[PDB]
Amino acid sequence: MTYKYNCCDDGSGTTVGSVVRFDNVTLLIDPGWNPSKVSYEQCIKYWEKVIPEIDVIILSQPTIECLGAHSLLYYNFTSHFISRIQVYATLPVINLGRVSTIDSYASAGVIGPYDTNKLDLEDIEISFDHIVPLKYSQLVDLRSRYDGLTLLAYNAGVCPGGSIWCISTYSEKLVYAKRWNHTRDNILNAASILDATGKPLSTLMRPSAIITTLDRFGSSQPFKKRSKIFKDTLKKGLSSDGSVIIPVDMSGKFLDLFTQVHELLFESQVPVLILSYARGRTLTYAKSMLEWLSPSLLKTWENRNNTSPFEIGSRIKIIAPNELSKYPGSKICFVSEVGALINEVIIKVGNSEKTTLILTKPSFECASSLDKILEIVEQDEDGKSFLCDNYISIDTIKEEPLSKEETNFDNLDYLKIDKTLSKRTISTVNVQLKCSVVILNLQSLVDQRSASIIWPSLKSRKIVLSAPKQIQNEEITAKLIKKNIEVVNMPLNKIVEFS
């Protein structure tokens, strides 16, 4: 009969949250944060006037763009959580969310033994420990306390635990989907929207409105095809003294791709390096969440010995950048796409011609260097290795002893404070790229065509898009507006009454 919607903006000009106001409930969906864009202080000042109004929080992806602000919110507004706010999320979103948060807060210096420390590692753990864990289809009955509020999570297929939310009240009903993959990938099943007959899920059928976005899409090619293309780029990358560097989101593409390079290695030594502030935790967590991955993947690896999809003999090595030297020749390197790490790696291996940079997506929000590297390639005229011959400005960190006045695979004590603090002194450096660069679209997201076809399969009158209009695909909007669907292009930070 009437409810309010609001796309939160902390100053980065993008949506860092969706607020839904129903008669007696105010829910916050996906409070994101991008440290490289908004500072810790600006982040706080933004949410300060928002938190006291929030009742329920829900997370739909383990990515910082969906849950990046949670630990900072929990730490800075603890009283509001201990008193009423309840955070709900899928198990994997909780667990990988704690790895994406660590890497992100670490890179930006929010946590760690630095003069800029704002909170501690144990603070991130405590924040996620307090999230109410869910399984897909597990009903969150809040009908008595919040006038018929029911929240249901379904498989969205982007990250393990990724989800699509079915929000309801005795009258209104919203289908939320920030990110979803219509097709399957190496480790996840397709989104639970449509089944093995293309018939839309029972519930979710007649939504008072669909809340989503249309600014990012996967390739129009089937997964199996994209998989082969990725596998080829690896063979050529490892060719000769071939060395490969793959920037990755530890809660996103990493687990997918790891599984794929594993399906190439143990099907024919070249080590697999993992540089992440969370170190080995992403692999551990993954090993304990098998019931969330597709059965196909699991059986594919069962047929072998008691081999997990996340283990490769004595291959895997968990190391830091100042240890890249130890591995001379061929080597596949997964680097957490966080600026503090990415930048140190490009500086150490970008000058070599025996290096092949594999970029899996259109842009990188936490690493300005990869975006700069994207422009150079796109500035020059399927899987071709563009050879670099260009200089680029890159910021580098040198940890200096804190004199400016102080007054095993999962172990992260190095991020805790003991007695050795230091300041991160930044300096801009120049690097001449001679490495090779490959650009693919391996994003486990729904392609443009499918989106315009599936979304209407729900007898929904409205589809609401977030963030600013400028990123919302004008193209697909037409098709939808054509198919008698009202499309509301949301503004930033402005409540909007719907019916």
# chains A, B, ... in the order shown; residues from 1 in each chain; ligands from 1
$ select_by_dssp --residues "stretch 195-350 of chain A" --states "strand (DSSP E or B)" --output "list in words"
residues 200, 209, 210, 211, 212, 243, 244, 245, 246, 247, 248, 272, 273, 274, 275, 316, 317, 318, 331, 332, 333, 334, 335 and 336 of chain A
$ residues_around --residues "residue A:361" --least-positions-apart "4" --cutoff "9 Å" --atoms "only C-alpha atoms" --output "list in words"
residues 218, 439, 440, 441, 442 and 443 of chain A
$ write_last_selection --atoms "N, CA and C atoms" --output "PDB file, in the first residue's frame"
ATOM      1  N   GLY A 218      28.121 -10.568 -17.411  1.00  0.00           N
ATOM      2  CA  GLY A 218      29.118 -11.540 -17.822  1.00  0.00           C
ATOM      3  C   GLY A 218      29.113 -11.680 -19.338  1.00  0.00           C
ATOM      4  N   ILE A 439      42.852  -9.609 -21.421  1.00  0.00           N
ATOM      5  CA  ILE A 439      41.592  -9.109 -20.892  1.00  0.00           C
ATOM      6  C   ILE A 439      40.408  -9.997 -21.250  1.00  0.00           C
ATOM      7  N   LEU A 440      39.784 -10.586 -20.236  1.00  0.00           N
ATOM      8  CA  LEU A 440      38.627 -11.445 -20.449  1.00  0.00           C
ATOM      9  C   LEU A 440      37.475 -10.951 -19.582  1.00  0.00           C
ATOM     10  N   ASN A 441      36.294 -11.521 -19.810  1.00  0.00           N
ATOM     11  CA  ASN A 441      35.120 -11.204 -19.010  1.00  0.00           C
ATOM     12  C   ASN A 441      34.713 -12.529 -18.367  1.00  0.00           C
ATOM     13  N   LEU A 442      35.330 -12.842 -17.236  1.00  0.00           N
ATOM     14  CA  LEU A 442      35.050 -14.079 -16.525  1.00  0.00           C
ATOM     15  C   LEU A 442      34.121 -13.819 -15.334  1.00  0.00           C
ATOM     16  N   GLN A 443      33.474 -12.657 -15.336  1.00  0.00           N
ATOM     17  CA  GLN A 443      32.564 -12.301 -14.256  1.00  0.00           C
ATOM     18  C   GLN A 443      31.412 -13.296 -14.202  1.00  0.00           C
TER      19      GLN A 443
END
$ residues_around --residues "residue A:209" --least-positions-apart "4" --cutoff "7 Å" --atoms "only C-alpha atoms" --output "ChimeraX atom specification"
/A:174-175,460-464
$ write_last_selection --atoms "N, CA and C atoms" --output "short mmCIF file (atom, residue, chain, number, x, y, z; two decimals), in the first residue's frame"
data_model
loop_
_atom_site.label_atom_id
_atom_site.label_comp_id
_atom_site.auth_asym_id
_atom_site.auth_seq_id
_atom_site.Cartn_x
_atom_site.Cartn_y
_atom_site.Cartn_z
N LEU A 174 9.04 -7.71 -1.99
CA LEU A 174 10.15 -7.29 -2.85
C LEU A 174 11.18 -8.37 -3.16
N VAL A 175 11.62 -8.42 -4.41
CA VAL A 175 12.64 -9.37 -4.81
C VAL A 175 13.91 -8.55 -4.98
N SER A 460 5.87 -8.89 -12.55
CA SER A 460 6.13 -7.68 -11.77
C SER A 460 5.86 -6.43 -12.58
N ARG A 461 5.17 -5.47 -11.97
CA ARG A 461 4.86 -4.22 -12.63
C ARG A 461 6.05 -3.24 -12.59
N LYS A 462 6.86 -3.32 -11.54
CA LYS A 462 7.99 -2.41 -11.43
C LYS A 462 9.34 -3.08 -11.19
N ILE A 463 10.37 -2.48 -11.77
CA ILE A 463 11.74 -2.92 -11.60
C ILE A 463 12.46 -1.64 -11.20
N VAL A 464 13.04 -1.62 -10.02
CA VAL A 464 13.74 -0.44 -9.54
C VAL A 464 15.26 -0.60 -9.61
#
$ residues_around --residues "stretch 220-228 of chain A" --least-positions-apart "2" --cutoff "8 Å" --atoms "only C-alpha atoms" --output "ChimeraX atom specification"
/A:183-185,218,230-232,260,442,447-449
$ select_by_dssp --residues "stretch 156-268 of chain A" --states "helix (DSSP H, G or I)" --output "number ranges by chain"
A: 223-237, 253-265
$ write_last_selection --atoms "C-alpha atoms" --output "CSV table (one decimal), in the first residue's frame"
chain,number,residue,atom,x,y,z
A,223,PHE,CA,30.5,-21.0,-19.2
A,224,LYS,CA,32.2,-24.1,-20.7
A,225,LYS,CA,33.4,-21.9,-23.5
A,226,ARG,CA,34.7,-19.2,-21.2
A,227,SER,CA,36.4,-21.9,-19.2
A,228,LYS,CA,38.4,-23.2,-22.2
A,229,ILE,CA,39.4,-19.6,-23.2
A,230,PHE,CA,40.7,-19.1,-19.6
A,231,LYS,CA,42.6,-22.4,-19.7
A,232,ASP,CA,44.3,-21.4,-23.0
A,233,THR,CA,45.4,-18.1,-21.6
A,234,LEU,CA,47.1,-20.0,-18.8
A,235,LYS,CA,48.9,-22.4,-21.2
A,236,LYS,CA,50.3,-19.5,-23.2
A,237,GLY,CA,51.0,-17.6,-20.0
A,253,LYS,CA,36.4,-15.0,-8.5
A,254,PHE,CA,39.3,-16.6,-6.6
A,255,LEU,CA,37.6,-19.8,-5.6
A,256,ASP,CA,36.1,-20.2,-9.1
A,257,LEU,CA,39.4,-19.6,-10.9
A,258,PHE,CA,41.5,-21.6,-8.4
A,259,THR,CA,39.3,-24.6,-9.1
A,260,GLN,CA,39.8,-24.0,-12.8
A,261,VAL,CA,43.6,-23.8,-12.7
A,262,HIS,CA,43.5,-26.9,-10.6
A,263,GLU,CA,41.5,-28.7,-13.3
A,264,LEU,CA,44.3,-27.8,-15.6
A,265,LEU,CA,47.3,-28.7,-13.5
$ residues_around --residues "residue A:106" --least-positions-apart "6" --cutoff "9 Å" --atoms "only C-alpha atoms" --output "ChimeraX atom specification"
/A:112,277,340,415
$ write_last_selection --atoms "N, CA and C atoms" --output "mmCIF file, in the first residue's frame"
data_model
loop_
_atom_site.group_PDB
_atom_site.id
_atom_site.type_symbol
_atom_site.label_atom_id
_atom_site.label_comp_id
_atom_site.auth_asym_id
_atom_site.auth_seq_id
_atom_site.Cartn_x
_atom_site.Cartn_y
_atom_site.Cartn_z
ATOM 1 N N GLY A 112 45.636 -3.387 11.422
ATOM 2 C CA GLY A 112 47.053 -3.663 11.252
ATOM 3 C C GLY A 112 47.861 -2.862 12.262
ATOM 4 N N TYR A 277 45.943 -10.675 2.453
ATOM 5 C CA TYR A 277 46.164 -10.348 3.856
ATOM 6 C C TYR A 277 45.503 -11.389 4.746
ATOM 7 N N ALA A 340 47.112 -2.168 -1.974
ATOM 8 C CA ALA A 340 48.375 -2.265 -1.265
ATOM 9 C C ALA A 340 49.174 -3.474 -1.720
ATOM 10 N N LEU A 415 48.797 -9.104 11.860
ATOM 11 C CA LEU A 415 47.891 -7.967 11.732
ATOM 12 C C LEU A 415 47.553 -7.366 13.092
#
$ closest_residue --among "A:417, A:1, A:275, A:20" --to "residue A:211" --atoms "only C-alpha atoms"
A:20
$ residues_around --residues "residue A:477" --least-positions-apart "2" --cutoff "10 Å" --atoms "only C-alpha atoms" --output "PDB file with N, CA, C and O atoms, in the first residue's frame"
ATOM      1  N   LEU A 214      21.520  -2.935 -13.388  1.00  0.00           N
ATOM      2  CA  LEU A 214      21.925  -3.447 -14.688  1.00  0.00           C
ATOM      3  C   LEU A 214      23.122  -2.669 -15.198  1.00  0.00           C
ATOM      4  O   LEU A 214      23.048  -2.035 -16.248  1.00  0.00           O
ATOM      5  N   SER A 452      17.164  -9.214 -19.579  1.00  0.00           N
ATOM      6  CA  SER A 452      15.958  -8.622 -20.137  1.00  0.00           C
ATOM      7  C   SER A 452      14.863  -9.658 -20.373  1.00  0.00           C
ATOM      8  O   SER A 452      13.688  -9.314 -20.476  1.00  0.00           O
ATOM      9  N   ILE A 463      10.368  -2.478 -11.766  1.00  0.00           N
ATOM     10  CA  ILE A 463      11.745  -2.917 -11.603  1.00  0.00           C
ATOM     11  C   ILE A 463      12.455  -1.636 -11.205  1.00  0.00           C
ATOM     12  O   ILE A 463      12.451  -0.668 -11.961  1.00  0.00           O
ATOM     13  N   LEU A 465      15.928   0.328 -10.283  1.00  0.00           N
ATOM     14  CA  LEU A 465      17.378   0.261 -10.409  1.00  0.00           C
ATOM     15  C   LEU A 465      18.011   1.220  -9.415  1.00  0.00           C
ATOM     16  O   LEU A 465      17.460   2.282  -9.124  1.00  0.00           O
ATOM     17  N   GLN A 472      23.215   2.529 -15.390  1.00  0.00           N
ATOM     18  CA  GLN A 472      22.150   1.590 -15.720  1.00  0.00           C
ATOM     19  C   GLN A 472      22.001   1.467 -17.230  1.00  0.00           C
ATOM     20  O   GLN A 472      21.675   2.435 -17.915  1.00  0.00           O
ATOM     21  N   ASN A 473      22.247   0.267 -17.739  1.00  0.00           N
ATOM     22  CA  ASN A 473      22.164  -0.009 -19.170  1.00  0.00           C
ATOM     23  C   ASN A 473      20.863   0.477 -19.819  1.00  0.00           C
ATOM     24  O   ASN A 473      19.805  -0.151 -19.703  1.00  0.00           O
ATOM     25  N   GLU A 474      20.975   1.611 -20.502  1.00  0.00           N
ATOM     26  CA  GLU A 474      19.878   2.254 -21.220  1.00  0.00           C
ATOM     27  C   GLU A 474      19.199   1.273 -22.176  1.00  0.00           C
ATOM     28  O   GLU A 474      17.975   1.283 -22.353  1.00  0.00           O
ATOM     29  N   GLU A 475      20.024   0.436 -22.795  1.00  0.00           N
ATOM     30  CA  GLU A 475      19.577  -0.571 -23.745  1.00  0.00           C
ATOM     31  C   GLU A 475      18.486  -1.472 -23.151  1.00  0.00           C
ATOM     32  O   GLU A 475      17.318  -1.381 -23.534  1.00  0.00           O
ATOM     33  N   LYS A 479      13.961  -2.413 -23.680  1.00  0.00           N
ATOM     34  CA  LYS A 479      13.323  -3.718 -23.784  1.00  0.00           C
ATOM     35  C   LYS A 479      12.310  -3.955 -22.676  1.00  0.00           C
ATOM     36  O   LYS A 479      11.198  -4.412 -22.928  1.00  0.00           O
ATOM     37  N   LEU A 480      12.700  -3.654 -21.443  1.00  0.00           N
ATOM     38  CA  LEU A 480      11.806  -3.850 -20.317  1.00  0.00           C
ATOM     39  C   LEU A 480      10.640  -2.872 -20.385  1.00  0.00           C
ATOM     40  O   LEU A 480       9.482  -3.281 -20.270  1.00  0.00           O
ATOM     41  N   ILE A 481      10.944  -1.588 -20.566  1.00  0.00           N
ATOM     42  CA  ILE A 481       9.893  -0.571 -20.652  1.00  0.00           C
ATOM     43  C   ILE A 481       8.928  -0.975 -21.762  1.00  0.00           C
ATOM     44  O   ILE A 481       7.730  -0.694 -21.700  1.00  0.00           O
ATOM     45  N   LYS A 482       9.467  -1.642 -22.778  1.00  0.00           N
ATOM     46  CA  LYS A 482       8.674  -2.111 -23.902  1.00  0.00           C
ATOM     47  C   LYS A 482       7.716  -3.181 -23.389  1.00  0.00           C
ATOM     48  O   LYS A 482       6.501  -3.064 -23.542  1.00  0.00           O
ATOM     49  N   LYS A 483       8.273  -4.212 -22.760  1.00  0.00           N
ATOM     50  CA  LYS A 483       7.479  -5.313 -22.230  1.00  0.00           C
ATOM     51  C   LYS A 483       6.577  -4.910 -21.065  1.00  0.00           C
ATOM     52  O   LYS A 483       6.395  -5.667 -20.114  1.00  0.00           O
ATOM     53  N   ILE A 485       6.876  -2.999 -18.484  1.00  0.00           N
ATOM     54  CA  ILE A 485       7.414  -2.962 -17.126  1.00  0.00           C
ATOM     55  C   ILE A 485       7.844  -1.546 -16.777  1.00  0.00           C
ATOM     56  O   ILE A 485       8.612  -0.937 -17.519  1.00  0.00           O
ATOM     57  N   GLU A 486       7.350  -1.021 -15.661  1.00  0.00           N
ATOM     58  CA  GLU A 486       7.735   0.322 -15.249  1.00  0.00           C
ATOM     59  C   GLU A 486       9.124   0.271 -14.618  1.00  0.00           C
ATOM     60  O   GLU A 486       9.353  -0.478 -13.668  1.00  0.00           O
ATOM     61  N   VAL A 487      10.049   1.063 -15.156  1.00  0.00           N
ATOM     62  CA  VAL A 487      11.414   1.102 -14.655  1.00  0.00           C
ATOM     63  C   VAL A 487      11.709   2.412 -13.948  1.00  0.00           C
ATOM     64  O   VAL A 487      11.636   3.480 -14.551  1.00  0.00           O
ATOM     65  N   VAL A 488      12.047   2.324 -12.669  1.00  0.00           N
ATOM     66  CA  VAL A 488      12.354   3.507 -11.891  1.00  0.00           C
ATOM     67  C   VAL A 488      13.854   3.645 -11.690  1.00  0.00           C
ATOM     68  O   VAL A 488      14.475   2.830 -11.002  1.00  0.00           O
ATOM     69  N   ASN A 489      14.437   4.667 -12.309  1.00  0.00           N
ATOM     70  CA  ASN A 489      15.862   4.928 -12.167  1.00  0.00           C
ATOM     71  C   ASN A 489      16.045   5.741 -10.898  1.00  0.00           C
ATOM     72  O   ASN A 489      15.730   6.926 -10.855  1.00  0.00           O
TER      73      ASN A 489
END
$ atom_distance --atom1 "atom CA of residue A:330" --atom2 "atom CA of residue A:241"
5.3 Å
$ closest_residue --among "A:204, A:215, A:420, A:43" --to "residue A:469" --atoms "only C-alpha atoms"
A:215
$ closest_residue --among "A:14, A:202, A:296, A:78" --to "residue A:123" --atoms "only C-alpha atoms"
A:78
$ closest_residue --among "A:362, A:350, A:383, A:271" --to "residue A:331" --atoms "only C-alpha atoms"
A:271
$ closest_residue --among "A:80, A:281, A:434, A:424" --to "residue A:408" --atoms "only C-alpha atoms"
A:281
$ residues_around --residues "residue A:111" --least-positions-apart "5" --cutoff "12 Å" --atoms "only C-alpha atoms" --output "ChimeraX atom specification"
/A:35,40,71-72,101-106,116-124,277,412-417,421
$ closest_residue --among "A:450, A:368, A:239, A:83" --to "residue A:198" --atoms "only C-alpha atoms"
A:450
$ atom_distance --atom1 "atom CA of residue A:212" --atom2 "atom CA of residue A:497"
17.1 Å
$ atom_distance --atom1 "atom CA of residue A:466" --atom2 "atom CA of residue A:492"
8.1 Å
$ decode --residues "stretch 46-153 of chain A" --atoms "C-alpha atoms" --output "PDB file, in the first residue's frame"
ATOM      1  CA  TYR A  46      27.594   9.332   6.589  1.00  0.00           C
ATOM      2  CA  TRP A  47      26.205   6.399   8.551  1.00  0.00           C
ATOM      3  CA  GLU A  48      25.909   8.329  11.811  1.00  0.00           C
ATOM      4  CA  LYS A  49      22.626   9.873  10.674  1.00  0.00           C
ATOM      5  CA  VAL A  50      21.496   6.547   9.182  1.00  0.00           C
ATOM      6  CA  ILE A  51      22.067   3.774  11.739  1.00  0.00           C
ATOM      7  CA  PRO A  52      19.690   4.989  14.481  1.00  0.00           C
ATOM      8  CA  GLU A  53      16.872   4.558  11.937  1.00  0.00           C
ATOM      9  CA  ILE A  54      17.725   0.957  10.974  1.00  0.00           C
ATOM     10  CA  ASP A  55      16.035  -2.200  12.325  1.00  0.00           C
ATOM     11  CA  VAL A  56      17.122  -5.058  10.087  1.00  0.00           C
ATOM     12  CA  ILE A  57      20.262  -5.575   8.061  1.00  0.00           C
ATOM     13  CA  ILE A  58      20.775  -8.185   5.355  1.00  0.00           C
ATOM     14  CA  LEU A  59      23.865  -8.980   3.291  1.00  0.00           C
ATOM     15  CA  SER A  60      23.586 -10.541  -0.165  1.00  0.00           C
ATOM     16  CA  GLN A  61      27.240 -10.995  -1.152  1.00  0.00           C
ATOM     17  CA  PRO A  62      30.598 -11.405   0.663  1.00  0.00           C
ATOM     18  CA  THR A  63      32.044  -8.558  -1.459  1.00  0.00           C
ATOM     19  CA  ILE A  64      33.095  -5.228   0.082  1.00  0.00           C
ATOM     20  CA  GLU A  65      30.688  -3.443  -2.236  1.00  0.00           C
ATOM     21  CA  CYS A  66      27.900  -5.295  -0.384  1.00  0.00           C
ATOM     22  CA  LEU A  67      29.226  -5.655   3.172  1.00  0.00           C
ATOM     23  CA  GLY A  68      32.320  -3.474   3.274  1.00  0.00           C
ATOM     24  CA  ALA A  69      30.925  -1.170   5.954  1.00  0.00           C
ATOM     25  CA  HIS A  70      29.589  -3.780   8.369  1.00  0.00           C
ATOM     26  CA  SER A  71      32.620  -4.132  10.667  1.00  0.00           C
ATOM     27  CA  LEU A  72      33.067  -0.384  10.790  1.00  0.00           C
ATOM     28  CA  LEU A  73      29.368  -0.005  11.481  1.00  0.00           C
ATOM     29  CA  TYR A  74      29.340  -2.678  14.192  1.00  0.00           C
ATOM     30  CA  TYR A  75      32.415  -1.193  15.815  1.00  0.00           C
ATOM     31  CA  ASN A  76      31.246   2.456  15.684  1.00  0.00           C
ATOM     32  CA  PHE A  77      27.585   1.955  16.526  1.00  0.00           C
ATOM     33  CA  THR A  78      27.790  -1.097  18.806  1.00  0.00           C
ATOM     34  CA  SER A  79      24.992   0.158  21.076  1.00  0.00           C
ATOM     35  CA  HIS A  80      22.535   0.115  18.155  1.00  0.00           C
ATOM     36  CA  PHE A  81      23.317  -3.517  17.366  1.00  0.00           C
ATOM     37  CA  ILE A  82      23.312  -4.802  20.941  1.00  0.00           C
ATOM     38  CA  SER A  83      19.966  -3.047  21.370  1.00  0.00           C
ATOM     39  CA  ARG A  84      17.930  -3.912  18.251  1.00  0.00           C
ATOM     40  CA  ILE A  85      19.673  -4.324  14.897  1.00  0.00           C
ATOM     41  CA  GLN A  86      19.808  -7.902  13.671  1.00  0.00           C
ATOM     42  CA  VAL A  87      22.092  -8.791  10.780  1.00  0.00           C
ATOM     43  CA  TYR A  88      21.082 -11.796   8.673  1.00  0.00           C
ATOM     44  CA  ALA A  89      23.116 -13.570   6.050  1.00  0.00           C
ATOM     45  CA  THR A  90      24.056 -16.785   4.392  1.00  0.00           C
ATOM     46  CA  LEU A  91      26.900 -18.690   6.088  1.00  0.00           C
ATOM     47  CA  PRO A  92      29.440 -18.231   3.273  1.00  0.00           C
ATOM     48  CA  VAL A  93      28.643 -14.547   3.007  1.00  0.00           C
ATOM     49  CA  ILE A  94      29.561 -14.263   6.669  1.00  0.00           C
ATOM     50  CA  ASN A  95      32.792 -16.231   6.339  1.00  0.00           C
ATOM     51  CA  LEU A  96      34.128 -14.870   3.040  1.00  0.00           C
ATOM     52  CA  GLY A  97      32.826 -11.478   4.128  1.00  0.00           C
ATOM     53  CA  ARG A  98      35.329 -11.621   6.936  1.00  0.00           C
ATOM     54  CA  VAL A  99      38.141 -12.252   4.392  1.00  0.00           C
ATOM     55  CA  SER A 100      37.085  -9.474   2.069  1.00  0.00           C
ATOM     56  CA  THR A 101      36.828  -7.117   5.050  1.00  0.00           C
ATOM     57  CA  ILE A 102      40.250  -7.993   6.424  1.00  0.00           C
ATOM     58  CA  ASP A 103      42.028  -7.554   3.092  1.00  0.00           C
ATOM     59  CA  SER A 104      40.192  -4.317   2.466  1.00  0.00           C
ATOM     60  CA  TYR A 105      40.637  -2.815   5.924  1.00  0.00           C
ATOM     61  CA  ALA A 106      44.261  -4.006   5.878  1.00  0.00           C
ATOM     62  CA  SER A 107      45.030  -2.425   2.551  1.00  0.00           C
ATOM     63  CA  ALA A 108      43.548   0.889   3.646  1.00  0.00           C
ATOM     64  CA  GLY A 109      45.350   0.668   6.984  1.00  0.00           C
ATOM     65  CA  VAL A 110      42.138   0.663   9.020  1.00  0.00           C
ATOM     66  CA  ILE A 111      43.496  -2.461  10.759  1.00  0.00           C
ATOM     67  CA  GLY A 112      47.053  -3.663  11.252  1.00  0.00           C
ATOM     68  CA  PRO A 113      50.057  -2.506  13.383  1.00  0.00           C
ATOM     69  CA  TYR A 114      50.093   1.001  11.992  1.00  0.00           C
ATOM     70  CA  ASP A 115      49.726   4.499  13.375  1.00  0.00           C
ATOM     71  CA  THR A 116      46.460   4.626  11.400  1.00  0.00           C
ATOM     72  CA  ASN A 117      44.859   1.638  13.093  1.00  0.00           C
ATOM     73  CA  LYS A 118      41.180   2.389  13.788  1.00  0.00           C
ATOM     74  CA  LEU A 119      39.992  -0.993  15.001  1.00  0.00           C
ATOM     75  CA  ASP A 120      41.459  -4.423  15.451  1.00  0.00           C
ATOM     76  CA  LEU A 121      41.323  -7.770  13.698  1.00  0.00           C
ATOM     77  CA  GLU A 122      39.397  -9.292  16.598  1.00  0.00           C
ATOM     78  CA  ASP A 123      36.906  -6.478  16.009  1.00  0.00           C
ATOM     79  CA  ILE A 124      36.161  -7.820  12.530  1.00  0.00           C
ATOM     80  CA  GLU A 125      35.703 -11.323  13.868  1.00  0.00           C
ATOM     81  CA  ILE A 126      33.371 -10.147  16.618  1.00  0.00           C
ATOM     82  CA  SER A 127      31.332  -8.174  14.082  1.00  0.00           C
ATOM     83  CA  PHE A 128      30.764 -11.175  11.813  1.00  0.00           C
ATOM     84  CA  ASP A 129      30.368 -13.564  14.756  1.00  0.00           C
ATOM     85  CA  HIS A 130      27.207 -11.607  15.573  1.00  0.00           C
ATOM     86  CA  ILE A 131      25.508 -12.116  12.231  1.00  0.00           C
ATOM     87  CA  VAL A 132      22.626 -14.610  12.370  1.00  0.00           C
ATOM     88  CA  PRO A 133      23.642 -17.452   9.984  1.00  0.00           C
ATOM     89  CA  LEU A 134      21.226 -18.679   7.333  1.00  0.00           C
ATOM     90  CA  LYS A 135      20.936 -21.480   4.822  1.00  0.00           C
ATOM     91  CA  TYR A 136      19.121 -20.914   1.559  1.00  0.00           C
ATOM     92  CA  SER A 137      15.320 -21.128   1.964  1.00  0.00           C
ATOM     93  CA  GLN A 138      15.598 -20.771   5.751  1.00  0.00           C
ATOM     94  CA  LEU A 139      12.641 -18.534   6.646  1.00  0.00           C
ATOM     95  CA  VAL A 140      13.390 -15.622   8.963  1.00  0.00           C
ATOM     96  CA  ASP A 141      10.006 -15.195  10.657  1.00  0.00           C
ATOM     97  CA  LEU A 142       9.728 -11.633  11.943  1.00  0.00           C
ATOM     98  CA  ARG A 143       5.952 -11.408  11.373  1.00  0.00           C
ATOM     99  CA  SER A 144       5.037 -10.804  15.001  1.00  0.00           C
ATOM    100  CA  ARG A 145       7.685  -8.255  15.951  1.00  0.00           C
ATOM    101  CA  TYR A 146       7.671  -6.418  12.623  1.00  0.00           C
ATOM    102  CA  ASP A 147       4.208  -6.465  11.131  1.00  0.00           C
ATOM    103  CA  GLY A 148       4.543  -9.560   8.936  1.00  0.00           C
ATOM    104  CA  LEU A 149       8.187  -9.162   7.922  1.00  0.00           C
ATOM    105  CA  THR A 150       9.547 -12.301   6.332  1.00  0.00           C
ATOM    106  CA  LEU A 151      12.972 -12.617   4.724  1.00  0.00           C
ATOM    107  CA  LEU A 152      13.953 -15.566   2.525  1.00  0.00           C
ATOM    108  CA  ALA A 153      17.350 -16.081   0.912  1.00  0.00           C
TER     109      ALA A 153
END
